[PDB]
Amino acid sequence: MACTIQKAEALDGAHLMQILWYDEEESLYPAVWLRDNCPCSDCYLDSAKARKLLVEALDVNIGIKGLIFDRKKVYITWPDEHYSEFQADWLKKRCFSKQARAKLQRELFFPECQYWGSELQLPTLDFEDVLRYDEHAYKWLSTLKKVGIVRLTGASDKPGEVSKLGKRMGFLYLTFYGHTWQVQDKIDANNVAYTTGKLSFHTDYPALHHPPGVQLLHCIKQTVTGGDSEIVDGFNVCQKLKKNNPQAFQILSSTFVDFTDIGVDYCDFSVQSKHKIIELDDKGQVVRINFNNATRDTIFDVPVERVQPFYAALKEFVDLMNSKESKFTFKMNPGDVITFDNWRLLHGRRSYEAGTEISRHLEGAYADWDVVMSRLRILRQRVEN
């Protein structure tokens, strides 16, 4: 009744097609969009699922010359005699009503978000299950998207596990620190991470204009002298900051901060960027946090009078993150892997003691959100069908 055509007609100087569906609802389709989206073999390359039609061939003032319909299809003639057929269900899905458009966006982009603080129950799956079963990998990625973190247990205590997960997703995101990298204490460390010191809450790689979307950390070796992990839900913390201190929020969501990274690892590098620490979209929603205190540059490109208030705002933000209501702490054991949203969470680590042998060793890697969301879409189709 909802996908069955009761009537189709050309309206508004034939610039619009209206479908009355068998449930009595009406949908409206611009003529120019119909022509633009003709599925015929001239207009559309089926093997690529791509449009061949050029903008140059599209008359933007086009109207429907003629139209007939049955219950499942519309058949349209255009003024230059081009001919097009459209399927009812194809049309229904792409209905321009707000409700239809929003429904479809949800299906494409999986916007459901669960904010958390110290009450978090760390979502936890089995490593091998996720590698072997689509039902488990689907749970893994959908929970990663929704909650921002998933722990996988039961990996080996050897290198190569994050690469298996990289492959399960598709491929890992190569950076100057390599395809994967070893978090351990290193002589002449090229990064604070490769010492025994504490890492305060941070996101990884704000020195890049496109920071890693997803980070993977596999515990190979753990120390009893410290090295606990801590995480915080940056989107939750931003929400609290906007409420508690709107001026601080405004400063952090409007001030461009310089980040830097210079050294040698996978190859030699000298990286520079600018980001707002709180990055809003065009509707004012926080979409990414970009903050690492280690790699924030000495160079600070703001007028002198904005400097101290920036620092005062950053301090408020960090105090909220550290609050016992926001923070979630846990300790990784050999064989655990955490995978999290590096655009949303901030993460850190407690200090531990140095010594002559390596007492602590993680293997890390990054992935891109477009790569993960692709895999998520494919898994959903496989598991639902």
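We number the residues from 1 along the sequence you see. For the two forms, the rigid core is made up of the largest set of C-alpha atoms that agree within 1.5 Å on superposition.
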Please work out whether 78-86 or 169-177 has the higher root mean square C-alpha deviation in 8 other deposited structures of this protein relative to the shown form, with the rigid core as fitting region? 169-177
Do the Cα atoms of 275-283 or of 261-269 sit farther, on average, from the shown structure in 8 other deposited structures of this protein when the rigid core is superposed? 261-269
For 208-216 versus 109-117, entry-based mean Cα B-factors point to 109-117
Averaging the C-alpha B factors as listed in the entry, name the stretch that ends up higher: 306-314 or 91-99. 91-99
Report the option among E26, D319, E56, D36 whose CA atom has the maximum B-factor in the deposited record. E26
If you check the C-alpha B-factor for each of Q247, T260, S253, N290 in the entry, which is highest? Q247
So where's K274 on the chain's Cα temperature factor ranking, which third? lowest
Please place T196 in the lowest, middle or highest third of its chain by C-alpha B factor as given in the entry. middle
Which third, lowest, middle or highest, does the C-alpha temperature factor of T223 belong to within its own chain? middle
B-factor third for the C-alpha atom of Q184 within its chain: middle
For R296, the third of its chain into which the C-alpha B factor falls: lowest
